[PDB]
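J.: Take a look at this one; I'll ask things after.
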Number of protein chains: 2
Amino acid sequence: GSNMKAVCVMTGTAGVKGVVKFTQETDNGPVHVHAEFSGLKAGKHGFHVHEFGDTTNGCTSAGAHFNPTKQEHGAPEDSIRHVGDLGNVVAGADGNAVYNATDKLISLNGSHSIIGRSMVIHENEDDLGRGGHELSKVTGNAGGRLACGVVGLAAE
Amino acid sequence: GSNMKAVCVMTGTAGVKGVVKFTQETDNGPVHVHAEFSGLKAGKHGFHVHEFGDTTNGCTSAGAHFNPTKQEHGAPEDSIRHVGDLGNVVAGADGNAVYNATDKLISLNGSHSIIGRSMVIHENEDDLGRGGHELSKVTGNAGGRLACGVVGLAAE
Ligand SMILES: [Cu+2]
Ligand SMILES: [Cu+2]
Ligand SMILES: [Zn+2]
Ligand SMILES: [Zn+2]
């Protein structure tokens, strides 16, 4: 039937790791996203679903932000955004981060399904397409890919 | 469009690692599987698709063999088998292994899709459901889980 839970274990070679959990109680309902990370520089870090669930080559094969609606990069709350745009994960002074959001664009089913794709957490802050740079409207100018993982179906 | 390529990076804490690549030409056509491993004890190792793409608790969270047809465990060539049954990976004296197979039951699309699920390589040989042991018809009596990874969509 409809997928109601998913998970993503994120790793890399930068000392950053984390786990993302997703719930979707109805086939077209909002998805609850919960993430925990460690090893991050204090502050904001870009967090998005990328197109491919290919983590080989140190996250460099994950592709661009997941964008089935062919839009420019934006903030999760914006009408204009990539389906994969989940904004920023905020790390405290200790390098740990807790993230929670309810999103209506990503899904665990249908065309916006993130199952089998990648979650990526970035080196720098996602400017939400508001930075004024060319990269702002593509990547949010979030810099390098610190950790990634493929999104898998979870028990429900 | 339909998925035509997938990849799975397998890791663990047992010194074993590998990578599996999958290709599928049509939505429900056969899937070509190619896998490479290192760090294995010489001999045969059970290799299957497990139901959940969850590796938060090592490979234990991956659940049991993927079995949408609700059959007993068997060899890939058997009529009675789990969709997830891919037989054995053979490791040489150097601990390396190469595996190739074309399978008609697993898919990268539809109800038998393995996207978002987990590939697992085991400690021992899969008896293909013929060993006459308690777990023969359940897991092939392949023992522990050496390495695993979630199956992601790859660039066509
Ligand atoms: Cu990203
Ligand atoms: Cu198995
Ligand atoms: Zn984006
Ligand atoms: Zn089986």
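As shown in the structure tokens, the chain order sets the letters A, B, ...; within each chain, residues go from 1, and ligands are also counted from 1 in the order they appear.
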Could you list the protein, DNA and RNA residues that have any atom within 8 Å of ligand 2, counting only C-alpha atoms and all ligand atoms, and write them as a ChimeraX atom specification?
T.: /B:46-50,64-65,85,119-122,139,142,145
J.: Dump as a compact mmCIF listing (two decimals) with N, CA and C atoms, in the first residue's frame the residues of chain B that approach chain A to within 12 Å, counting only C-alpha atoms.
T.:
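The new file result-v6.txt reads:
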```txt
# COMPACT_ATOMS: atom_id res chain seq x y z
N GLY B 1 9.39 9.12 -15.45
CA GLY B 1 9.49 7.83 -16.24
C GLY B 1 9.90 6.67 -15.33
N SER B 2 9.95 5.46 -15.90
CA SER B 2 10.26 4.28 -15.11
C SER B 2 11.72 4.31 -14.73
N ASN B 3 12.05 3.63 -13.64
CA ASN B 3 13.43 3.55 -13.17
C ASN B 3 14.19 2.52 -13.99
N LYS B 5 17.95 2.35 -13.56
CA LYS B 5 19.22 2.09 -12.91
C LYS B 5 19.13 2.33 -11.43
N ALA B 6 19.85 1.51 -10.66
CA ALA B 6 19.87 1.67 -9.21
C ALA B 6 21.24 1.27 -8.68
N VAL B 7 21.57 1.73 -7.47
CA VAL B 7 22.84 1.43 -6.86
C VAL B 7 22.70 1.23 -5.38
N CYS B 8 23.55 0.38 -4.83
CA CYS B 8 23.51 0.11 -3.40
C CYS B 8 24.93 -0.02 -2.85
N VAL B 9 25.29 0.87 -1.92
CA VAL B 9 26.61 0.86 -1.28
C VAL B 9 26.40 0.09 0.02
N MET B 10 27.11 -1.02 0.16
CA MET B 10 26.96 -1.87 1.34
C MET B 10 28.11 -1.73 2.31
N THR B 11 27.77 -1.49 3.56
CA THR B 11 28.79 -1.32 4.62
C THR B 11 28.34 -1.94 5.89
N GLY B 18 30.92 -3.31 -0.08
CA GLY B 18 30.71 -3.61 -1.47
C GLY B 18 29.80 -2.62 -2.12
N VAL B 19 29.57 -2.83 -3.40
CA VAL B 19 28.69 -1.98 -4.18
C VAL B 19 27.92 -2.86 -5.15
N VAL B 20 26.60 -2.63 -5.24
CA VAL B 20 25.75 -3.39 -6.15
C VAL B 20 25.13 -2.40 -7.12
N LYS B 21 25.10 -2.78 -8.39
CA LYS B 21 24.49 -1.96 -9.42
C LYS B 21 23.41 -2.77 -10.09
N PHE B 22 22.30 -2.12 -10.43
CA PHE B 22 21.17 -2.78 -11.06
C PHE B 22 20.75 -2.02 -12.29
N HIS B 50 16.24 -7.30 1.53
CA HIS B 50 15.44 -7.27 2.77
C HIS B 50 14.39 -6.18 2.62
N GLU B 51 13.28 -6.35 3.34
CA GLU B 51 12.13 -5.47 3.20
C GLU B 51 12.28 -3.98 3.48
N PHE B 52 13.03 -3.60 4.52
CA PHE B 52 13.11 -2.18 4.85
C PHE B 52 14.45 -1.62 4.52
N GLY B 53 14.44 -0.38 3.97
CA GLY B 53 15.70 0.31 3.65
C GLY B 53 16.20 1.06 4.88
N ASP B 54 16.07 0.44 6.04
CA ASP B 54 16.43 1.04 7.34
C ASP B 54 17.68 0.39 7.90
N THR B 55 18.75 1.19 8.02
CA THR B 55 20.01 0.71 8.56
C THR B 55 20.40 1.50 9.83
N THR B 56 19.41 2.02 10.56
CA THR B 56 19.69 2.77 11.82
C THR B 56 20.22 1.86 12.95
N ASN B 57 19.92 0.57 12.86
CA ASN B 57 20.38 -0.41 13.86
C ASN B 57 21.15 -1.44 13.11
N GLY B 58 22.31 -1.04 12.60
CA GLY B 58 23.13 -1.94 11.81
C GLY B 58 22.27 -2.45 10.67
N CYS B 59 22.29 -3.74 10.46
CA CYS B 59 21.50 -4.35 9.41
C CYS B 59 20.23 -5.02 9.97
N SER B 61 17.69 -3.65 11.48
CA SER B 61 16.51 -2.88 11.15
C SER B 61 15.99 -3.07 9.75
N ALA B 62 16.75 -3.82 8.94
CA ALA B 62 16.33 -4.07 7.56
C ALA B 62 15.17 -5.06 7.47
N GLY B 63 14.86 -5.70 8.58
CA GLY B 63 13.75 -6.64 8.56
C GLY B 63 14.08 -7.96 7.88
N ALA B 64 13.04 -8.65 7.45
CA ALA B 64 13.18 -9.97 6.82
C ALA B 64 13.28 -9.88 5.30
N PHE B 66 12.44 -9.56 1.52
CA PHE B 66 11.33 -8.96 0.81
C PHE B 66 10.50 -10.08 0.17
N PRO B 68 6.77 -10.10 -1.30
CA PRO B 68 5.41 -9.69 -1.69
C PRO B 68 4.58 -10.83 -2.25
N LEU B 108 12.79 -2.66 -10.48
CA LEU B 108 13.08 -1.32 -10.01
C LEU B 108 11.79 -0.50 -10.09
N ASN B 109 10.67 -1.16 -10.39
CA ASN B 109 9.36 -0.52 -10.54
C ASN B 109 8.23 -1.44 -10.07
N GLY B 110 7.08 -0.86 -9.81
CA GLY B 110 5.94 -1.68 -9.40
C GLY B 110 5.99 -2.26 -8.00
N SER B 111 5.07 -3.20 -7.75
CA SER B 111 4.95 -3.82 -6.44
C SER B 111 6.16 -4.64 -6.01
N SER B 113 9.23 -3.66 -6.69
CA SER B 113 10.37 -2.75 -6.70
C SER B 113 11.22 -2.89 -5.46
N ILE B 114 12.54 -2.86 -5.66
CA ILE B 114 13.48 -2.93 -4.55
C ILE B 114 14.01 -1.56 -4.21
N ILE B 115 13.56 -0.53 -4.93
CA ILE B 115 14.02 0.84 -4.63
C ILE B 115 13.63 1.18 -3.20
N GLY B 116 14.59 1.68 -2.40
CA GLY B 116 14.27 2.03 -1.02
C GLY B 116 14.33 0.85 -0.05
N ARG B 117 14.67 -0.33 -0.55
CA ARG B 117 14.80 -1.48 0.34
C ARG B 117 16.28 -1.71 0.63
N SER B 118 16.65 -2.84 1.22
CA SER B 118 18.05 -3.09 1.56
C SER B 118 18.63 -4.34 1.00
N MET B 119 19.86 -4.24 0.53
CA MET B 119 20.59 -5.45 0.13
C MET B 119 21.41 -5.87 1.35
N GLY B 149 22.98 -2.01 2.78
CA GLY B 149 22.79 -0.65 2.33
C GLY B 149 21.44 -0.49 1.68
N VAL B 150 20.95 0.74 1.65
CA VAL B 150 19.68 1.04 1.03
C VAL B 150 19.86 1.12 -0.49
N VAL B 151 18.84 0.70 -1.23
CA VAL B 151 18.91 0.73 -2.69
C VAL B 151 18.39 2.10 -3.21
N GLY B 152 19.26 2.84 -3.90
CA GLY B 152 18.88 4.15 -4.43
C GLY B 152 18.76 4.19 -5.93
N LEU B 153 18.01 5.17 -6.42
CA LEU B 153 17.83 5.40 -7.86
C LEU B 153 19.11 6.01 -8.38
N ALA B 154 19.57 5.55 -9.53
CA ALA B 154 20.78 6.08 -10.14
C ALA B 154 20.46 6.82 -11.43
N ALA B 155 21.38 7.68 -11.86
CA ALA B 155 21.20 8.45 -13.10
C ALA B 155 21.17 7.48 -14.26
N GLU B 156 20.13 7.62 -15.09
CA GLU B 156 19.91 6.74 -16.26
C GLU B 156 21.12 6.68 -17.16
```
J.: If you superpose chain A onto chain B over the full set of Cα atoms in sequence order, what number do you get for the RMSD in Å?
T.: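 For chain B versus chain A, the C-alpha RMSD is 0.3 Å.
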J.: Excluding residue 99 in chain A and any residue of its chain fewer than 5 positions from it, enumerate the residues within 8 Å of it, using only C-alpha atoms, and give them as a list in words.
T.: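 Using only C-alpha atoms, the neighbours found are residues 33, 34, 35, 36, 89 and 90 of chain A.
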J.: Write out as a list in words the set of residues from range 14-84 of chain B that DSSP, computed on the backbone, places in strand (DSSP E).
T.: residues 17, 18, 19, 20, 21, 22, 23, 24, 31, 32, 33, 34, 35, 36, 37, 38, 43, 44, 45, 46, 47, 48, 49 and 50 of chain B
J.: Report as a ChimeraX atom specification all protein, DNA and RNA residues lying within 10 Å of residue 30 in chain B, evaluated on only C-alpha atoms, omitting residues in the same chain fewer than 5 positions from it.
T.: /B:23-25,101-108
J.: Output N, CA and C atoms of each residue in that selection to a file, as a compact mmCIF listing (two decimals), in the first residue's frame.
T.:
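See part.txt below for the written result:
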```txt
# COMPACT_ATOMS: atom_id res chain seq x y z
N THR B 23 20.39 -2.76 -13.34
CA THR B 23 19.86 -2.12 -14.57
C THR B 23 18.61 -2.85 -14.99
N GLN B 24 17.64 -2.12 -15.50
CA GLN B 24 16.38 -2.72 -15.96
C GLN B 24 15.92 -1.95 -17.20
N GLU B 25 15.74 -2.66 -18.32
CA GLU B 25 15.36 -2.00 -19.58
C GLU B 25 13.91 -1.59 -19.69
N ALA B 101 24.19 -11.59 -12.04
CA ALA B 101 22.98 -12.34 -12.25
C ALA B 101 21.95 -11.54 -12.95
N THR B 102 21.07 -12.23 -13.67
CA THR B 102 19.90 -11.59 -14.29
C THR B 102 18.72 -12.20 -13.53
N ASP B 103 17.86 -11.35 -12.96
CA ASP B 103 16.74 -11.86 -12.20
C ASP B 103 15.42 -11.34 -12.73
N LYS B 104 14.42 -12.22 -12.77
CA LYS B 104 13.11 -11.86 -13.28
C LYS B 104 12.08 -11.45 -12.23
N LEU B 105 12.37 -11.69 -10.95
CA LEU B 105 11.42 -11.36 -9.88
C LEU B 105 11.61 -10.00 -9.26
N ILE B 106 12.85 -9.64 -8.97
CA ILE B 106 13.08 -8.28 -8.44
C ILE B 106 12.80 -7.31 -9.59
N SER B 107 12.52 -6.07 -9.23
CA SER B 107 12.26 -5.02 -10.23
C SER B 107 12.70 -3.69 -9.64
N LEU B 108 12.79 -2.66 -10.48
CA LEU B 108 13.08 -1.32 -10.01
C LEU B 108 11.79 -0.50 -10.09
```
J.: What is the CA of residue 125 in chain A to CA of residue 44 in chain A distance in Å?
T.: 4.7 Å
J.: Between B:135, B:81, B:130, B:92, which residue has the minimum interatomic distance to ligand 4, considering only C-alpha atoms and all ligand atoms?
T.: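 Distance minimum relative to ligand 4 lands on B:81.
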